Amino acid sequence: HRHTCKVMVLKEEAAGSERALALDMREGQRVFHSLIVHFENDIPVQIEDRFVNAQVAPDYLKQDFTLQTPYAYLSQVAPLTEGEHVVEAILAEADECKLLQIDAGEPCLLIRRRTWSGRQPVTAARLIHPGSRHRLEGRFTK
């Protein structure tokens, strides 16, 4: 386990119709968008495709996300009070498959995450993992 990453995208853009729904925003408002690929022993194991309300985290594009995760950084900037996850088994988009070095037919674990600071949505990410390279594991008392 030699963990390595590459920040593929880090930019401002309009929320548009999808981040408007995801972050309770108007389509015209600005978001910041980072896309990071994570590698284990040089093999892609996760895409983290993250959008952040730009007013909440004005300095987000100034960060080096090879040195702190976008989540860790956000947690210092705003008090994150609530989170949501949705886990699905999907086929990934063409360009996501290319980034992950998988064939298009390879099932992937998707975890969609949203995080709130008080009642306000802060960030929405899609974590996409090749299904042959990552599993969620845990143990819990009853």
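Numbering starts at 1 and runs along the sequence shown.
Peer 1: Tell me which stretch, 75-83 or 26-34, has the higher mean Cα B-factor listed in the entry.
Peer 2: That would be 75-83.
Peer 1: Just say lowest, middle or highest third for the CA B-factor of residue 49 relative to the other modelled residues in its chain.
Peer 2: Tercile = lowest for this residue's CA B-factor.
Peer 1: Quick one: classify residue 11 as lowest, middle or highest third of the chain based on its Cα B-factor.
Peer 2: As the PDB entry reports it, the C-alpha B-factor of residue 11 lands in the lowest third of its chain.
Peer 1: Quick one: classify residue 126 as lowest, middle or highest third of the chain based on its Cα B-factor.
Peer 2: Its C-alpha B-factor belongs to the middle third of this chain's values.
Peer 1: Ordered by C-alpha B-factor within the chain, which third holds residue 111? Give me lowest, middle or highest, please.
Peer 2: Answer is lowest: the recorded C-alpha B-factor places it there.
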